[PDB]
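Two forms of the same protein chain are encoded below as structure tokens; each is given separately, as structure 1 and structure 2.
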Structure 1
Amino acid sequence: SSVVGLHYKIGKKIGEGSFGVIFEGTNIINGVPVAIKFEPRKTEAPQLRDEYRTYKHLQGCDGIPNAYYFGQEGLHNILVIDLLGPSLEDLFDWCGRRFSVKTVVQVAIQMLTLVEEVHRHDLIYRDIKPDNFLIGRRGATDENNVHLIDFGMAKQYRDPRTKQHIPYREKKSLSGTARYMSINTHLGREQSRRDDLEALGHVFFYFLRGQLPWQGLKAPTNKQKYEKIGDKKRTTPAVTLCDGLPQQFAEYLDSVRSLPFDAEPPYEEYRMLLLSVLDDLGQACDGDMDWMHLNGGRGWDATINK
């Protein structure tokens, strides 16, 4: 039968692999587009139901999609959420694998705002990467605004009522993708708010430079490869990353790398820091992004770009 969750008809597939399947969908009551996340029921990595709960806790926060339904159907588990646009990694590719300073600053402060609100709801993200930051859809009011999806690695870092930080521990298994993960994550340390921020600084340099100096490294195994990547992150000073770039980005990475384990980061201080880049270069934070000039001004095309 075409319809799951009583009201959500399944359309084209937009992703397959370990995430069971992800589909396009439409609400059969109002026609609004949704994304249908299927997950095999009896599997060794059950994660969807908690991702639905996380969306419900973060419900209403701007930039976080709504969760409309979760339940059992067949031998699959379904999460229906707002369908959104391409990831920042997609637009990165289409923009020639480089964002200009204006776009990076504007995108950064929205990522700082999203992650902040996540922290306000007592959770750390722990999977920061450009592939999990999506823009809206054509014609929508939030078309070129940054969103945050995929919360399967979100963990509670403080008690919601007492606001008391989790204990510091070590010797944990390496969590996330090695290109953006913080240095503390490489060393197997318990993550916190600071690590979500340090991973953003890595993403910011990845947008500005088009690559990171610890990409394309070789090693016999993945354990040794993750260590070589972690090794160059500590060998490479923030100023060398920021070569020919506004030093506020090096200043940002250094300041969040120095944050104590339980310290609350000065989010607005970081946003003002990156905003002062635009004042230094005589630019305005008006919302104009690089991808809004693709294809002659049209935007991004489904079969040329992707």
Structure 2
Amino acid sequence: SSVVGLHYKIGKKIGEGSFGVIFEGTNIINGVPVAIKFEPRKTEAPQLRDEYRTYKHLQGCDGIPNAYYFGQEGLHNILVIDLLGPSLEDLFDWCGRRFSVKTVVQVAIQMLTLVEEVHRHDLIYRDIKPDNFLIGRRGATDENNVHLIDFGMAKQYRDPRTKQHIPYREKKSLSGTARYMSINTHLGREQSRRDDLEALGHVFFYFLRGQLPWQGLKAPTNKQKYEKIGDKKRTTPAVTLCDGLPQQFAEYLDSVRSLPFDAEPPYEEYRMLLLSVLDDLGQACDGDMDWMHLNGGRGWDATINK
């Protein structure tokens, strides 16, 4: 049968989660579209049952989609959530692999707020990348707002009732994407709130410069490539990465790298630091983003851009 979760018809396949069986769906009750997620049963890495419970925990938070169904169906686990638009990596490629200063700033402030809400619910993300940040759908009220999805790497960091941080430890397996992970993750240290914020700092320079200096290194094995990548991050100060860029981006990365392990980041102060970039350059924060000027003003297309 084509109907799963009682009320959800399976449509076309959308991927972008390894080859995880993701689809576009349609609630046969009201017609709203969804994003159906399958997971093979009796697999070596079961994580769908817990990703559901993370969406219910963050249910009601802005930028986090709602979870609507989870149950057994044949030899698969199915999770129905909201359907969202392209990723920041998708819009990045379509704008020439370079974002202007105003759009990097405006997106940065929304990404900081989404990460803070995750931290207020006793969770850290541990997989910061623009591929997991999506806008909304065309014609919707949240069409160009930034959303956060995929919490298969999210990790509890403090007790929900005592608010006591997890103890510091080392000698852990490398977890995340090598291009954006913090220096502390390269060293096999326990991740905390400060590492999500440093990963966000690497994404900002990735948008401004179009590339990062630790891209395209040669190494015979995989382990030696992550070492060589983390080495370039300790040799490059924040000032050189900020060459020809507003120095507040260098101040941000340096500050989040000086945070203690169990310290609480000054989120509002970081967002005010990134806002003053627009004041120094005579710009307003009205919400105008670069991808809003694609294709003569129509916006992003299907067959021309994808």
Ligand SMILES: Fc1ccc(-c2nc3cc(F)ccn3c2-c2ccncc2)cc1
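Only residues modelled in both forms are compared. Note that the rigid core is defined as the largest set of C-alphas that superpose within 1.5 Å between two forms. Throughout, residue numbering runs from 1 along the sequence of structure 1.
Visitor: Quick one, which of these two is the form solved without the named molecule?
Guide: The chain shown as structure 1 is the form solved without the named molecule.
Visitor: Is there a C-alpha shift of 2 Å or more at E16 between the two structures once the rigid core is superposed?
Guide: Passes the 2 Å threshold, so yes.
Visitor: May I ask for the C-alpha shift of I81 between the two structures, in Å, based on superposition of the rigid core?
Guide: Its C-alpha shift, to one decimal, is 0.2 Å.
Visitor: What parts move between the two structures when you lay the two on the core: runs of 3+ residues, each CA off by 2 Å or more?
Guide: Run with every C-alpha shifted by at least 2 Å: 16-20, nothing else.
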